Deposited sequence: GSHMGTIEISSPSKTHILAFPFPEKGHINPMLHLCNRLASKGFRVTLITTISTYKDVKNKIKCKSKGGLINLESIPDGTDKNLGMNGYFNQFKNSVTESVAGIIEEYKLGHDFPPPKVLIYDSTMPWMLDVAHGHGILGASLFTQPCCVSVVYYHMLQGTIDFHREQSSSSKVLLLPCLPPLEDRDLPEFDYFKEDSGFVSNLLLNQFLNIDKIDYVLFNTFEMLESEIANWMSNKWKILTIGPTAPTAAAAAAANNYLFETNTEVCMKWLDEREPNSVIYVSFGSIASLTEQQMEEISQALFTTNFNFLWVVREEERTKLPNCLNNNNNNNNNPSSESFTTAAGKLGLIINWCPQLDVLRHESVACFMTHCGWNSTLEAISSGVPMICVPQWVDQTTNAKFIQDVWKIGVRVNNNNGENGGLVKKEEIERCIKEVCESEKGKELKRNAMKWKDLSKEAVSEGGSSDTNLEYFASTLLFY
């Protein structure tokens, strides 16, 4: 009694978060993990995705799901394709924000978490009166290389046949030419892919929340350098400690359950990369002669590039070394990596696979293909010391990696005493990533900072 007044409560359950990943699995997956964490804190979370990825996201998922049209003419070059994409999703998401601003079941949107490679989405959020959070899907270390490239002072031009160069940037180890992000692979479209990653920093000072899927201890020096400059929040890994529903889960878990512990080489080049027939044959011949079992993901659209001596969703093998192999179109990667049967991970070093391996304690054989995969491999081998990087036959990044070189790297990681060290290092980093996302860890604290401040008056 006695008093008279109204109390108003701002809590996660009446706070509405919008999330909009770039429509590729290396962008969708870290976003979905973050959304799962945010729903667990009680927030209302709506995931917006393009119609052509919608069924994939639906199969994987508390989370409200909205589709938007693709904006993909499929007939234009990369520049016109992306600009149509930008225009379509700009009006699409603006529309959704406004429906929800006038709705009554849901709270009005408080923030839009958008993919860092769609920086024009900050203009949509701010133009419609809500906060913007930019989710980077690459590590801090390679992201700052893009910032220095955008600043245009340092010369990143390279004529690698004339001389060799080493680049020193603040709070980064020296970077050889092969350590830089790889854009020449894209040939005529190299400038476009380049611009797309440089432009992540066009509005960096206007972003309300700068979110990186990494943990501070993994990237201490450069994260501090970026925290001083832009007040970033390292919130990773967004994947949980010991999930997304992936395909072939029961098949892969049953197969791995029937293998000896620490006996399986897990091989994946991610969702996008496509290897030449020659490269596939080098890998095949290594795997069929090594002293280990193997689980090798070859995507459906890549099966025809397999060697002549090998359509079918999966194939089982006894190898020429007496071991067992399984070739499959897709696997639950996080569950595979955390299986006791897995000895090591031959990976293209996409950032999600890298951080999922780190979070799982699995040493890597690095076969980087392009963009940040080269830089990631440099850190895996020489900084975190949890893998070895293959050497391309010719000196180049697009050069063939021979079976003998693959074999050499298997023997080092899996049979040598150096490999036992690499595995010790990987369990150390596994514990540190677990510590970062547990109560009082830097990533747990940073993600709570994001969540708590959303509630502020």
Unmodelled intervals of the deposited chain, in order: 62-68, 250-257, 326-333
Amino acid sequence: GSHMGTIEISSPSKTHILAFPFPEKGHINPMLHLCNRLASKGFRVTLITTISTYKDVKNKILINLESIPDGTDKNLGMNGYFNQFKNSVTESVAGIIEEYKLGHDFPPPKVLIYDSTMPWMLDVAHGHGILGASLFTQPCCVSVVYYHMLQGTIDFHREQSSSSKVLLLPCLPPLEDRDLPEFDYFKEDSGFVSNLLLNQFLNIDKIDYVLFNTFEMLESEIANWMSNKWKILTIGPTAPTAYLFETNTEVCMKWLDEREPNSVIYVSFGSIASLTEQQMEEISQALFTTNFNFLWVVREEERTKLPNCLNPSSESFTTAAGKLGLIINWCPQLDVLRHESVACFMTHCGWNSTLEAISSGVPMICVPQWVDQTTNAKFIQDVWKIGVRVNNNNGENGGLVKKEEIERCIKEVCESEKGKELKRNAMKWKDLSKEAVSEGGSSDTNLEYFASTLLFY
From here on, numbers count along this sequence of modelled residues.
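Take the two forms, find the largest set of C-alpha atoms that superpose within 1.5 Å, and that set is the rigid core.
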RMS Cα shift after core superposition in 6 other deposited structures of this protein, winner of 82-90 and 257-265: 82-90
RMS Cα shift after core superposition in 6 other deposited structures of this protein, winner of 51-59 and 422-430: 51-59
At least a third of other PDB entries omit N393: yes
Unresolved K74 in a third or more of other entries flanked by modelled residues: yes
Mean C-alpha B-factor comparison - 138-146 and 73-81, higher one: 73-81
Entry-level comparison of average CA B-factors, 345-353 and 113-121, reporting the higher stretch: 113-121
Selection by C-alpha B-factor (highest) of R259, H339, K323, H104: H104
Residue with highest C-alpha B-factor in the PDB entry, from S52, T46, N36, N425: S52
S40 by Cα B-factor - lowest, middle or highest third of the modelled chain: middle
Assigned third (lowest, middle, highest) for the C-alpha B factor of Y457: highest
Entry-reported Cα temperature factor of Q200, expressed as the chain third it lands in: middle
Assigned third (lowest, middle, highest) for the C-alpha B factor of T234: lowest
Record-listed C-alpha B factor of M31: chain third: lowest
